[PDB]
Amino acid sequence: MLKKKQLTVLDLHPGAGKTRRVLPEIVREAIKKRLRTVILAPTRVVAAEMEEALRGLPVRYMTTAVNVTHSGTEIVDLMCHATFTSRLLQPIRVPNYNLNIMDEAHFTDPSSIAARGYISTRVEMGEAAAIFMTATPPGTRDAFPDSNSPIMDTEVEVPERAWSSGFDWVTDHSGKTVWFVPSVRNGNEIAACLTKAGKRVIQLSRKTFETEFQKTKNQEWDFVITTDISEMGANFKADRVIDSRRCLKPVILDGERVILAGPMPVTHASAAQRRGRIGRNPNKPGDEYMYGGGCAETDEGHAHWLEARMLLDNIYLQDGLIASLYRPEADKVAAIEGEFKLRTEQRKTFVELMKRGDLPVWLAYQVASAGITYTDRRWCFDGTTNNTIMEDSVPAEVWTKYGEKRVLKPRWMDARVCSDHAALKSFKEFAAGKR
């Protein structure tokens, strides 16, 4: 694998030991061969599990998620997918790694897609080797891959709202269930319904994942209600998955606004990863996968692939060259390569709107490409009436940094800034000049 110009897809089935058995073998060989290596974890939770798998190996953990004291001499770096892409974007030196290992390489967040595009382009140029570790590579059509133990697969109507009757099988179960929902708001309704029925429920989503994931180890629970973030190597001691088979798809409308379309079917890769949370123990056959819908290729035209092009257009590679997306996922977007390349000062604004601003890539780009500076929040209030953000069925209002109460009416409307209470609270803080 470790040879220049090689990209290997390590596509062993879910639970086959890619992280705990194969990765340490690859890292030992890399260190022996004096290959400057990067390992990319999707989340801090996985970064901490990798330290356990790699313990005793000389690895520099470029994350506060790992409390270890480094030799200072390590030639293997470990960081999150997003950290890698972030550093490429910023005026910070990133080694031209000889070996690029991406764990959970199916992750479809924009920074992950961009990282795959950058790495696969360096491999294509003959500069680097890469290993993409995932059971579900891009364009996989298999929702039912192999497992460590047999799984009971059942197609069944899954509730997506509070219920009173008709779903006894949900609550009659005496084990532990991981339930994939299409949104935080949908999970909140199901969680409230299960709690009312006497169940102990933990909710996971991207913003809460590190804190709340620890509760799956520290407290007894009956249900975990999670969004798609638990497709990225989240492990549970569960005997059932309930899968809505539904997700939200961010869609850019008329290059003007972003909607959260759906819910709509998941990809085959997503369904396989959801299912792959169970069947992991060869001594515990008969874990259950209950699924409420079919699969479809809902990544086609999904905003994450356009946002990945916005990131990759702004990453230096060589002179004026621009990294291409990883070939198997390159047709998911219809962008003109280079169309999002920003001049130095607009690029800095773009980066800051994403890092400190915590704005979606698309929205960060619209603001930066308009020549607006990071702290200039006038755009949050001067949009069309149809861009009015609502809070409890009335227009959302903030006090501006001038101390004037104004309706939130952004010039560019991205549904992700108000998809749940936490998102809207954050965007209100942004519009008010509070970060």
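One rule holds for the numbers: they count along the sequence shown, beginning at 1.
Colleague: Take the C-alpha B-factors listed in the entry for 306-314 and for 193-201, compute each mean, and give the stretch with the larger one.
Modeller: Result: 193-201.
Colleague: So 333-341 or 106-114, which one's hotter by mean CA B-factor in the entry?
Modeller: Looking at the recorded C-alpha B-factors, 333-341 comes out higher on average.
Colleague: For the CA B factor values reported in this entry, which option in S71, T154, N100, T226 has the top one?
Modeller: Highest CA B-factor of the listed options: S71.
Colleague: By the CA temperature factor listed in this entry, which of these ranks top: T349, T136, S174, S86?
Modeller: Most elevated C-alpha B-factor of the set, per the entry: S174.
Colleague: For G255, does the deposited CA B-factor place it in the lowest, middle or highest third of the chain?
Modeller: It belongs to the highest third of the chain when residues are ordered by C-alpha B-factor.
Colleague: Would you check the entry's CA temperature factor for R416 and let me know if it's in the chain's lowest, middle or highest third?
Modeller: Its C-alpha B-factor, which the entry lists for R416, ranks in the lowest third among residues of this chain.
Colleague: Taking the values exactly as deposited, rank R435 by C-alpha B-factor within its chain and report the matching third: lowest, middle or highest.
Modeller: CA B-factor rank for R435: middle third.
Colleague: Among the modelled residues of this chain, does the Cα B factor of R406 put it in the lowest, middle or highest third?
Modeller: According to the entry, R406 has a C-alpha B-factor in the chain's middle third.
Colleague: Among the modelled residues of this chain, does the Cα B factor of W179 put it in the lowest, middle or highest third?
Modeller: As the PDB entry reports it, the C-alpha B-factor of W179 lands in the lowest third of its chain.
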